[PDB]
Every structure is written in C-alpha cells, then in structure tokens.
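Experimental structure and its sequence below.
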Amino acid sequence: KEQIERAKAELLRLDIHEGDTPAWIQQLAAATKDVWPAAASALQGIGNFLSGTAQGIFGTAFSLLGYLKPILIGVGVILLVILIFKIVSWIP
Amino acid sequence: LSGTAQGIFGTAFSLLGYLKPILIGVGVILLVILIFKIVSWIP
Amino acid sequence: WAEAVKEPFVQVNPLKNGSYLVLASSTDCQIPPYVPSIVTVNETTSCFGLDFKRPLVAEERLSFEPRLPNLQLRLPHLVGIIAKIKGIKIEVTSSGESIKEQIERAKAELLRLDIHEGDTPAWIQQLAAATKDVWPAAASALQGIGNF
Amino acid sequence: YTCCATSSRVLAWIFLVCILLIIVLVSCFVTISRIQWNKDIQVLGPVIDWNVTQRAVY
Amino acid sequence: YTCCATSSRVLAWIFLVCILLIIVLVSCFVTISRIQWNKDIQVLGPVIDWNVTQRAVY
Amino acid sequence: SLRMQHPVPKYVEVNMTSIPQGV
Amino acid sequence: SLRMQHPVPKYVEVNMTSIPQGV
Ligand SMILES: *[C@@H]1O[C@H](CO)[C@@H](O[C@@H]2O[C@H](CO)[C@@H](O[C@@H]3O[C@H](CO[C@H]4O[C@H](CO[C@H]5O[C@H](CO)[C@@H](O)[C@H](O)[C@@H]5O)[C@@H](O)[C@H](O[C@H]5O[C@H](CO)[C@@H](O)[C@H](O)[C@@H]5O[C@H]5O[C@H](CO)[C@@H](O)[C@H](O)[C@@H]5O)[C@@H]4O)[C@@H](O)[C@H](O[C@H]4O[C@H](CO)[C@@H](O)[C@H](O)[C@@H]4O)[C@@H]3O)[C@H](O)[C@H]2NC(C)=O)[C@H](O)[C@H]1NC(C)=O
Ligand SMILES: *[C@@H]1O[C@H](CO)[C@@H](O[C@@H]2O[C@H](CO)[C@@H](O[C@@H]3O[C@H](CO[C@H]4O[C@H](CO)[C@@H](O)[C@H](O[C@H]5O[C@H](CO)[C@@H](O)[C@H](O)[C@@H]5O)[C@@H]4O)[C@@H](O)[C@H](O[C@H]4O[C@H](CO)[C@@H](O)[C@H](O)[C@@H]4O)[C@@H]3O)[C@H](O)[C@H]2NC(C)=O)[C@H](O)[C@H]1NC(C)=O
Ligand SMILES: *[C@@H]1O[C@H](CO)[C@@H](O[C@@H]2O[C@H](CO)[C@@H](O[C@@H]3O[C@H](CO[C@H]4O[C@H](CO)[C@@H](O)[C@H](O)[C@@H]4O)[C@@H](O)[C@H](O)[C@@H]3O)[C@H](O)[C@H]2NC(C)=O)[C@H](O)[C@H]1NC(C)=O
Ligand SMILES: CCCCCCCCCCCCCCCCCCCC(=O)O[C@H](COC(=O)CCCCCCCCCCCCCC)COP(=O)(O)OCCN
Ligand SMILES: *[C@@H]1O[C@H](CO)[C@@H](O[C@@H]2O[C@H](CO)[C@@H](O)[C@H](O)[C@H]2NC(C)=O)[C@H](O)[C@H]1NC(C)=O
Ligand SMILES: *[C@@H]1O[C@H](CO)[C@@H](O[C@@H]2O[C@H](CO)[C@@H](O)[C@H](O)[C@H]2NC(C)=O)[C@H](O)[C@H]1NC(C)=O
Ligand SMILES: *[C@@H]1O[C@H](CO)[C@@H](O[C@@H]2O[C@H](CO)[C@@H](O)[C@H](O)[C@H]2NC(C)=O)[C@H](O)[C@H]1NC(C)=O
Ligand SMILES: *[C@@H]1O[C@H](CO)[C@@H](O[C@@H]2O[C@H](CO)[C@@H](O)[C@H](O)[C@H]2NC(C)=O)[C@H](O)[C@H]1NC(C)=O
Ligand SMILES: CC(C)CCC[C@@H](C)[C@H]1CC[C@H]2[C@@H]3CC=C4C[C@@H](O)CC[C@]4(C)[C@H]3CC[C@]12C
Ligand SMILES: CC(C)CCC[C@@H](C)[C@H]1CC[C@H]2[C@@H]3CC=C4C[C@@H](O)CC[C@]4(C)[C@H]3CC[C@]12C
Ligand SMILES: CC(C)CCC[C@@H](C)[C@H]1CC[C@H]2[C@@H]3CC=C4C[C@@H](O)CC[C@]4(C)[C@H]3CC[C@]12C
C-alpha cells in the first residue's frame, strides 16, 4: 500500500492534452500491454490511425477541435438566446 | 469519503468525476429532442 | 548539460602565462559577452573592477598545445525555461541529436505549464518573452495586456 | 412615458450584448494564447560555436 | 440634360468664388510681408564687448 | 581669464582568442 | 583572432585672455 501511494498523484497529473494525444495514447498502450493485451492492441491501433493514416490529418483535426472548445461553448450559448426569443415570439 | 461505509462515497464521487464528458454529451441530445417536440406542438 | 545561473555573471581567471580567461554576462574593455575568450593587453588597465596587467616578455619554445576540432551546437528555443523549472543541472541534448528528437524531449512537460486563474498576468508575461523573437507584433500586444 | 418603457427595453438589450461579448473576448484570448504557446515550443532554437570574432562589437 | 444645365450653374458659382479668394490671398501676403520687412529693419541689433569669459561653453 | 580641460584621445590594445568546444 | 582598441581618458589645459576693442 505504501509503495503504491508514493507516485500516484504525480502519475495521475500526466493527463491527456490537445497537443500530444497520439504520443499519450502510445504510452497508455505500453502501460496497459501486460495487464490487458486486447485493450493495448486497440489503443495502439487508434494511436497509429491519428499519426499515420493519411498525412496524420485526423490527429491535426482532433488537436485543433480540442483547442477550439472554449469558442464553441461561447457560440452555443448565443444560439439558445436566439432560439428562446424566436420560439416565445411564435406562442399566441 | 475514506472511512464511512466501505469508502463507497469516495468511489461514487471518483467515478462521477471521470464520467463528466459522457454526461454533457447526453444532456445536449435531450435538448435537441425537446426543442423539436416543442416546436412541433406550436400551431 | 544546462543550468540556470544568477545575473550578473562575471568570471575572470588569471592565467599563468599572463593572459586572462573571461566569461561574463556583460561587456567591458571591448570584450564580447556570453562567449568565453583568452584576453591579453599591451598596457595595464582596469576591467570588470580589477587590473589587467601587461605580461612580461617571454622567450619562444616548441609547443605541445592541443588543437581540438570546432563544433556547432543547436539548442531548444526555450532552453532557459527548461533549466529553470528543474532547479538542477539537467541534460538537454546530445552533440549529434536530430531536430525531431531534440523537440519531443520537453514538449509534454512544457505544454502542461498551462494558463491558470491564480497567475494569469505572470503567465502572459512569460508568453510575451517566449513569443518576442518569433512574432514581435504579438509580444508587444501581450506585454500591454499583461501590464493592464 | 413610452420613451421610459422603450428605455427599459433598449437598456436590457445593450446589457445582454455587453455580457455575450465578454464571453466571446475571454474565450478567444484563452484559445489564441494557448496556441501561440504551442507554436513557441516547436520553433528552431539558437546555435553556438565558440567563435569570438563573430561576436565582436565596435 | 437638366443635370448638365444645373451642374453648369452650380459650377460657375464655385469657379467665381475660387478666383475671388485667390485675389484676396495674394493681396494679403504682399501687404503683410512688406510690413514685416519694414518692422525687421527698425528692431534693435546686437552688442559686442570683447569679453571671452562671457562666451565660455562647457 | 578662462581655464579649460580639453579631452585628448588614447588607446589600449586588447587581443582575444577562442576556446573550441569551451575546453 | 580579434584585435581591438579600447579608449582611455586624458586631458590638456588651455588658457584664454581677451583683447579689449580687438586691438
Ligand atoms: C597564454 O596561453 C594561451 C594558450 O593556452 C595562448 O593562446 C593561444 O595562442 C596561440 C598563438 O601562439 C593561438 O594560436 C594561433 O591561432 C590562430 C587562429 O587559429 C584558428 O584560425 C586559423 C585560420 O583559420 C582561417 O583561415 C583558414 C585558411 O588559412 C580557413 O580554413 C578558416 O576557415 C579561417 O578562415 C586555423 O588554421 C586554425 O585551425 C586549427 O585549429 C583549430 C582549433 O583551434 C582546429 O579545428 C583545426 O583543425 C586547426 O588545427 C590543425 O591544423 C593546423 C594547421 O592548419 C595545425 O597547426 C594544428 O596543430 C592542427 O593540426 C584555427 O581555426 C592561428 O592563425 C595562428 O597561426 C600562427 O602560427 C602558424 C604556425 O603555427 C603560422 O603558420 C601562422 O601564419 C600564424 O603565425 C596560431 O596558431 C591559439 O589559438 C591560442 N589558444 C587558444 C585556445 O586561444 C595565449 O595567447 C597565451 N598568452 C600569453 C601572454 O602567452
Ligand atoms: C546535428 O546535425 C543534424 C544534421 O545537420 C541537425 O539536424 C538538421 O538541422 C537542420 C538545420 O536546422 C535541418 O535543416 C532543415 O531541413 C528541412 C528539410 O528536412 C527534410 O529533408 C531532409 C533532407 O536531408 C531530411 O534530413 C529531413 O529529415 C529529418 O526530419 C524528418 C521530418 O521531421 C524526420 O522524419 C527525419 O527522421 C529527419 O529527422 C526532412 O525530411 C528544410 O526544409 C529546412 O529549410 C529551412 O532552412 C533552409 C536553410 O536555412 C532554408 O533555405 C529554407 O528556406 C528553410 O528556412 C532546413 O534545411 C535538418 O532537417 C535537420 N536534420 C535532422 C536529421 O534533424 C541536428 O539538429 C544537429 N544537432 C545538434 C544538437 O546541433
Ligand atoms: C595582439 O596581436 C598582434 C598580432 O596582430 C600582436 O602583434 C605582433 O607582435 C609581435 C611581437 O613579437 C611583433 O613582432 C615585432 O616586430 C618588430 C618589427 O616588425 C617587423 O618584424 C615582424 C617580425 O619580427 C613582422 O611581423 C612585422 O610585420 C615587421 O616586418 C620587431 O622589432 C620586434 O622585435 C618584434 O619581432 C609583430 O610584428 C606583431 N604583428 C602584428 C601583425 O601586429 C600583438 O603583440 C598582440 N597584442 C596583445 C595586446 O596581445
Ligand atoms: C476532402 C479531403 C479530406 C478531408 C478530411 C477531413 C477529416 C476531418 C476529421 C474531423 C475530426 C473531428 C474530431 C473532434 C475532436 C474533439 C476533441 C475535443 C476535446 C479535446 O481535445 O480534449 C482534450 C484532449 O483530448 C483529445 O484530444 C481526445 C480526442 C479523441 C482521440 C481518439 C480519436 C481517434 C479514434 C480512432 C478510431 C479508429 C482507429 C482505427 C481502427 C482534453 O480535454 P480538454 O480540452 O478540456 O483539456 C483538459 C485536459 N484534461
Ligand atoms: C568566425 O567568425 C568570423 C566572423 O564571422 C569568420 O570570419 C570570416 O570568414 C569569411 C569566410 O567564411 C570571410 O569572408 C571573412 O573575411 C571573415 N571575417 C573575419 C572578421 O574574420 C570565421 O570564418 C568564423 N569561423 C572561424 C572558425 O573562425
Ligand atoms: C565678462 O564676462 C563674465 C561672465 O559673464 C563676467 O563675470 C561675471 O560677473 C558677474 C558680476 O557682474 C558675476 O556675478 C559672475 O559670477 C561673473 N562670472 C564669471 C564666470 O566670472 C565679467 O564681469 C565680464 N566683464 C569683464 C570685463 O570681464
Ligand atoms: C598599446 O596599444 C595602443 C593601441 O592603440 C598603442 O597606441 C599607439 O601608440 C603610438 C605611440 O607609440 C601612436 O603613434 C599610435 O598612433 C598608437 N596607435 C595604435 C592603434 O597603436 C599604445 O601606444 C600601446 N602601448 C604599449 C605599452 O604597447
Ligand atoms: C596638461 O594639462 C592636463 C589638464 O587636464 C594635465 O592632466 C593631469 O595629469 C595628471 C598626471 O600627472 C593627472 O593625475 C591629473 O588628474 C590630470 N588632471 C588635471 C586637470 O591636471 C596634464 O598632466 C598636463 N600636462 C602637462 C605636460 O603639463
Ligand atoms: C451564471 C450563468 C449565466 C452561467 C454563466 C456560465 C459561463 C460564465 C461559463 C459556462 C461554461 C464556461 C466555459 C467552460 C470552459 C472553458 C474553457 C477554458 O479553458 C476557458 C474558459 C471557458 C470558455 C469557460 C468560461 C466561462 C463559461 C462560458
Ligand atoms: C459544434 C458547435 C455548435 C459547438 C457546440 C459545443 C460543443 C462542441 C462543446 C460544448 C462543451 C464541450 C465539451 C466540454 C468538456 C469536455 C471534456 C474534454 O476532456 C473532452 C471534450 C469535452 C466533452 C468537450 C467537447 C466539445 C463540447 C461538447
Ligand atoms: C441530465 C443528464 C444528461 C445528466 C447531467 C448531469 C449534470 C447535472 C452534471 C454533469 C457534469 C457536472 C459538472 C461537472 C463539473 C463541475 C465542476 C466542479 O467544480 C463542480 C461541479 C460541476 C459544475 C458539475 C455540476 C453538475 C454537472 C453539470
């Protein structure tokens, strides 16, 4: 128990990021391999899809859509404020 | 969180914390149905 | 190996043959900063707060001094930040290393130095220092927002 | 009085436009600043070669 | 046609005003410049006294 | 009377050499 | 190699006197 509660917090805060998702996924597969060989093969595959199918276009796309998250919420809020007024202006 | 029951509430809150991205996706889908059902009741 | 050091940095070693070995963060007596050099003067003068004497004339003899190869070394763009956050002398590159391997080294680390509710102004000022050389027009803007 | 009633409405529209714009301004700054930090990480860094003559200042 | 005829009226007024102003501008400049030359002639001129110490510069 | 101090030029010679690899 | 000239300070003393009327 003591041996595990030693690096745990440090290891948990190596979390997934919009930058290096493929690189992170490959580390997760190396870590999962001995535990669950099936899940490692699936993760490794999803890794090489982002990196090496087409020119890594999907790895570029999902990285960009990652960074845009704050903008996308701020747009979605504007839409609701249009819809509610339009709908209320239909009811008799 | 640690020592009441078998630490079940620490397990529950840990689990609910990891699930956060799924819950937002479901919540969005419910709005889309509601808006269409509603707009389809107005004359 | 890289290591962060306190400014101003001055080092002056009197060599036995009468020259001086200088490494300094700042110029004096024409001597360039940052690159080290072996310095000799024809007449006694004060530099860096100490007296560089003219040496005594020497008689020449057959030399056995080594002559090492020269070498060009590329470093990471943010090397000063990487040395800083460690607080210790840290390995940054190898003599031979490719651009790609050199970059993938600290990237995940550096990316996780993200913007926080508690020190936004401090963080913005670091972004301006990092961006200065790349896009000067963005650095002046970020500096203004930072002082605001 | 119609002008007062119209003012209470025009006011609530400019107050609503004020906040929706702050939401946008902050959301844009967080996006751009973070991307520029990413770009700053991957630019080519400096070269050293011990050559004194190259660093002469006259 | 009506636009051309009307344009020709409005134009001739502005062209007339343009010249009547130029007459004035030149006529004023000649008056003022010649008076200032008269004034310049009558102003007090400099003094000399051979004192070196007075003209020291440091 | 006027007494003045005129600056006059002079130089010292400084030579510098490199240290390959910093060794 | 790099050979440089460093400027070192110095002065000369100059005295002046006046000529009344320029005579
Ligand atoms: C206190 O002690 C210190 C030492 O601890 C004293 O400092 C030392 O003082 C020495 C003088 O006694 C200095 O030596 C001198 O170095 C000069 C600079 O050498 C460099 O430039 C040369 C020219 O390069 C240009 O031109 C060539 C074409 O000619 C181009 O190819 C280049 O691109 C440049 O445009 C160059 O030849 C030298 O190259 C050699 O050294 C470097 C490493 O420094 C190696 O990478 C090279 O491989 C090369 O070394 C090999 O090849 C040469 C022959 O080519 C061999 O001699 C070597 O043994 C080795 O095999 C450098 O890049 C020299 O110009 C100067 O030359 C004089 O002497 C030669 C004969 O030896 C004459 O033929 C010349 O005409 C000239 O008179 C001399 O060698 C030391 O640099 C200096 N040491 C340090 C580390 O700073 C200090 O002064 C002392 N103070 C007191 C008070 O006593
Ligand atoms: C040790 O020595 C090596 C070799 O010199 C140093 O690494 C090299 O640094 C130089 C200078 O920064 C780089 O030059 C640039 O190269 C690209 C073209 O690169 C492509 O073509 C190359 C053809 O030989 C090929 O080697 C490259 O392969 C590497 O990169 C790919 C992609 O990431 C990777 O998959 C491979 O494994 C290799 O790692 C690649 O296919 C060129 O476009 C650049 O152009 C700019 O600069 C020129 C000149 O100023 C200018 O004219 C242009 O307009 C433009 O501004 C530039 O020439 C070179 O890519 C590096 N090579 C490697 C292997 O890294 C290394 O950094 C040194 N180490 C140290 C510690 O100093
Ligand atoms: C900084 O580097 C300088 C090189 O740029 C050094 O200058 C050299 O210093 C030597 C000292 O021995 C001078 O040699 C003297 O030469 C005179 C006569 O000059 C003629 O002969 C020499 C060779 O004997 C020749 O090089 C000249 O071109 C002349 O043809 C003799 O009377 C002396 O006895 C002595 O031999 C070099 O001439 C001189 N060369 C140059 C290019 O200046 C300087 O000393 C270094 N100074 C510092 C501050 O370190
Ligand atoms: C005509 C020419 C052709 C044109 C083709 C165009 C193709 C377009 C492709 C469009 C792709 C759309 C992708 C949308 C991704 C949105 C990601 C948003 C969230 C995000 O980035 O989250 C951050 C990182 O996670 C992530 O980045 C997680 C992303 C998911 C990774 C896994 C995806 C690959 C799966 C592969 C399956 C198939 C494999 C092969 C069998 C973490 O969260 P945070 O941002 O809040 O930061 C808090 C830190 N904890
Ligand atoms: C060290 O720096 C100097 C200055 O940049 C380089 O010397 C020049 O070399 C070029 C040829 O590449 C010549 O056209 C110039 O006349 C030289 N200028 C001077 C001031 O010497 C020198 O090549 C660099 N490298 C070494 C090893 O000395
Ligand atoms: C020559 O010029 C000097 C400088 O203007 C005159 O000396 C000054 O005299 C006044 C009183 O008149 C003193 O308050 C100053 O302190 C004096 N200054 C200096 C620099 O001496 C001087 O009197 C003038 N006349 C002659 C003939 O020397
Ligand atoms: C030290 O170096 C300076 C370098 O500027 C020498 O200055 C020369 O001095 C002579 C007088 O002997 C003048 O004629 C030259 O015009 C000066 N110019 C240069 C650039 O050399 C200085 O005299 C040297 N002194 C010693 C002790 O070597
Ligand atoms: C000529 O005048 C200058 C005036 O500046 C004198 O300079 C002095 O020189 C001594 C060295 O003996 C220095 O310690 C002093 O600090 C200098 N200052 C002043 C204002 O005198 C110079 O020495 C004089 N030389 C001659 C030939 O008379
Ligand atoms: C009080 C009522 C009206 C709700 C107001 C909630 C607003 C202020 C909240 C809802 C969700 C929030 C966003 C959620 C996620 C991000 C990503 C972050 O990296 C930058 C800020 C940003 C964009 C937040 C800013 C504030 C935000 C827009
Ligand atoms: C498509 C247009 C209309 C934008 C609509 C807003 C959508 C795309 C935004 C709103 C809230 C966002 C989610 C909020 C938080 C997270 C956690 C993160 O770790 C994975 C992505 C995920 C799940 C986001 C993905 C994008 C998201 C669903
Ligand atoms: C109706 C269906 C879709 C389930 C929806 C569950 C909702 C209520 C859940 C999903 C994710 C949750 C949020 C996730 C993260 C945070 C940030 C934390 O600092 C306080 C709680 C808070 C703000 C939660 C509030 C409740 C929340 C919005």
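That came through, no problem. Numbers count the residues shown, from 1 in each chain, chains lettered A, B, ... in the order given. Ligands and ions are numbered 1, 2, ... in the order given.

List the contacts of the closest residue to ligand 10 within chain D.
Relative to ligand 10, the nearest point of chain D is residue D:27 (11.4 Å; Cβ to the nearest ligand atom). In short, each C-beta sits where N, CA and C put it, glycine included. The contact partners of residue D:27, by Cβ atoms under 8 Å, 6 or more residues apart in numbering or on different chains, come to A:70-71, A:73-74.

Any idea how many residues pack against residue 10?
Because you didn't say which chain, this covers chain A. 8 (other Cβ atoms under 10 Å in any protein chain shown).

you looked at the wrong chain, it should be chain D
Burial of residue D:10 is recorded as 11 neighbouring residues (other Cβ under 10 Å).

measure it to chain C for me?
In this structure, residue D:10 and chain C are separated by 30 Å, where distance is defined by Cβ to the nearest Cβ, to the nearest Å.

Could you check how far that residue is from residue G:10?
The spacing between residue D:10 and residue G:10, counted by Cβ to Cβ, to the nearest Å, is 78 Å.

what do you get for residue C:25?
As for residue C:25, its distance to residue G:10 is 30 Å (criterion: Cβ to Cβ).

Does at least one residue of stretch A:13-33 sit close to ligand 9?
No. Using Cβ under 6 Å from any ligand atom, no contact is recorded between stretch A:13-33 and ligand 9, whose separation bottoms out at 10.3 Å.

Could I get the buried residue list for stretch C:31-41?
C:31-32, C:35-41 (16 or more other Cβ atoms under 10 Å in any protein chain shown).

Need phi/psi at the nearest residue to residue A:68 once chain neighbours are set aside.
When the adjacent residues along the chain are set aside, residue A:68 lies closest to residue D:31, with 6.4 Å between them (Cβ to Cβ, 6 or more residues apart in numbering or on different chains). The phi/psi pair for residue D:31 (degrees, to the nearest 10) reads phi -60, psi -50.

thinking residue A:32 is in contact with residue A:40, fair?
Yes. If you go by Cβ atoms under 8 Å, residue A:32 and residue A:40 touch, sitting 4.6 Å apart.

Against residue A:34, how distant is the closest residue to ligand 8 within chain D?
For chain D, the nearest residue to ligand 8 under the criterion Cβ to the nearest ligand atom is residue D:58, separated by 28.0 Å. Computed as Cβ to Cβ, the residue D:58 to residue A:34 distance reads 65 Å.

So those two - more neighbours on which side?
When neighbours are counted by other Cβ under 10 Å, residue D:58 and residue A:34 differ, and residue A:34 comes out ahead with 8 against 5.

burial measure for residue 7, as a count.
Since no chain was named, I'll use chain A. The burial count assigned to residue A:7 is 9, neighbours taken as other Cβ under 10 Å.

switch to chain F, that's the one I care about
Once other Cβ under 10 Å is used to define contacts, residue F:7 is seen to have 10 neighbours.

can you check the one 10 residues further on too?
Summarising burial for residue F:17: neighbours were counted as other Cβ under 10 Å, giving 13.

Please report phi then psi for it.
Backbone phi and psi, for residue F:17 under degrees, to the nearest 10, turn out to be phi -140, psi 150.

Can you give me every residue that contacts it?
Going by Cβ under 8 Å, 6+ apart, the list of residues near residue F:17 reads C:37-38, D:52, G:1-2.

Please list the residues of chain D that sit near chain F.
By Cβ under 8 Å from any Cβ of the partner chain, the residues of chain D that approach chain F are D:50-53.

Just these: which are in helices?
Using DSSP state H, no member of the residues of chain D next to chain F falls in helices.

Can you lay out the residues you listed as TSV showing distance to chain B?
Compiled in TSV, these are given as follows (distance: Cβ to the nearest Cβ, whole Å):
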residue	distance to chain B
D:50	53
D:51	54
D:52	57
D:53	59
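
Return a PyMOL selection command for the buried portion of these.
Paste this into PyMOL to select the buried members of those, with burial taken from 16+ other Cβ under 10 Å:
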select buried, chain D and resi 50+52
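
any idea which of the residues of chain D next to chain F is closest to residue A:46?
Of all the residues of chain D next to chain F, the one sitting nearest residue A:46 is residue D:50; the distance, using Cβ to Cβ, is 47.2 Å.

which ones are touching the closest one?
C:35-36, C:70-71, F:18-22.

if we go to 6 Å?
F:18, F:20 (Cβ atoms under 6 Å, 6 or more residues apart in numbering or on different chains).
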